[PDB]
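Just one chain is shown here, as structure tokens, and it is the form deposited in one PDB entry.
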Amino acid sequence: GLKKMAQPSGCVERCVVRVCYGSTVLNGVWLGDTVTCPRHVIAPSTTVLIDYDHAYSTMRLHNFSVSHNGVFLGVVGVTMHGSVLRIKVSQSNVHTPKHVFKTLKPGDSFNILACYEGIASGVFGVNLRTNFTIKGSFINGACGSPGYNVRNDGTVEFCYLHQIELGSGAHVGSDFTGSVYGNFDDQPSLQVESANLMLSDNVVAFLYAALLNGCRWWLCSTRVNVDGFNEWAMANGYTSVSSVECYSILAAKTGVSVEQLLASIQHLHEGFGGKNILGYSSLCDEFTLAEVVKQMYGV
């Protein structure tokens, strides 16, 4: 049974604050005596291109309002770093979890805490796609919503701050250093993301899960090695496949090698027509190897 899940959100909920500047409202993340939020909060109300360097120089501390569960925090100073602000506040978050900052790469899964006016309203897992966007569920007010993973020892990795929705509906964020993923611009524009590629590492994990669930009508006995598959992948909307030995736990059971699965992918690439795999009508790239192993065996 494969169910997309989120890791528990309680320790991140204690770090979400409401950040207001003039009339603009979004979410920030409060760690120690620092609040990080998108710099969109200081943007003037206008249609034209925003000049964030100008807005930053004309910024006044007293125009800020930062609160946690209605309790307001004093603003001491502010600095700009790419597309985020670092707001120093007059008290430390005593519920700051043990944490680090990590930048995500395409193929990485993580957790989104969807927040409105500094209040979490939902949590879900997502994958950073090859075009550096995610498929979230956001409405007006979710700017600054955090993305995170919890490591095995309980260290939270903060990796994402929601910034903007593109015209196609794809969602874009930044890391906590202020780099926008995919280097989109953090203001409204006509930018379009590149084509989505199917994450081959996730498709392999998916097919190993199908095998462990007695679903093997689709198995090919042909073998395609990694170099060959990677060459085919370029021609057909798939990423290269990373490695084989990560899957050797899965190849010892099932008895099927990664190269048989790679051959299977090339065979199923058209579609399953008249059949499904684990209830899916086409190849699923939603789940990582880590997810499959964790949800199946608790590792």
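Superpose the two forms; the largest set of C-alphas matching within 1.5 Å is the rigid core. Note that residue numbering follows the sequence shown and begins at 1.
In this entry, 187 to 195 shows the higher mean Cα temperature factor of the pair 187 to 195 and 82 to 90. For the pair 144 to 152 and 210 to 218, the mean Cα B-factor is higher in 210 to 218.
Highest C-alpha temperature factor among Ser9, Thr24, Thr288, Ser282 per the entry: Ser282.
Set against one another, the Cα B-factors of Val71, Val224, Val203, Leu161 in the record reach their highest point at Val71. The deposited CA B-factor of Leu166 belongs to the highest third of values across its chain. Split the chain's modelled residues into thirds by C-alpha temperature factor. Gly122 is in the lowest one.
Per-chain ranking of the deposited C-alpha B factor places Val299 in the highest third. The entry lists a Cα temperature factor for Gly77 that places it in the middle third of the chain's modelled residues. Among all modelled residues in its chain, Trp30 ranks in the lowest third by Cα B-factor.
Below, we turn to the form deposited in another entry, even though it does not appear here.
Residue showing a CA shift of 2 Å or more between the shown form and the other one (rigid core superposed; candidates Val123, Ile134, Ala142, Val226): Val226. For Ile50, a C-alpha deviation below 2 angstroms is recorded between the shown form and the other one after rigid-core alignment. The rigid-core alignment places the CA of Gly214 2 Å or more apart between the shown form and the other one.
With the core superposed, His267 shows a C-alpha displacement of at least 2 Å between the shown form and the other one.
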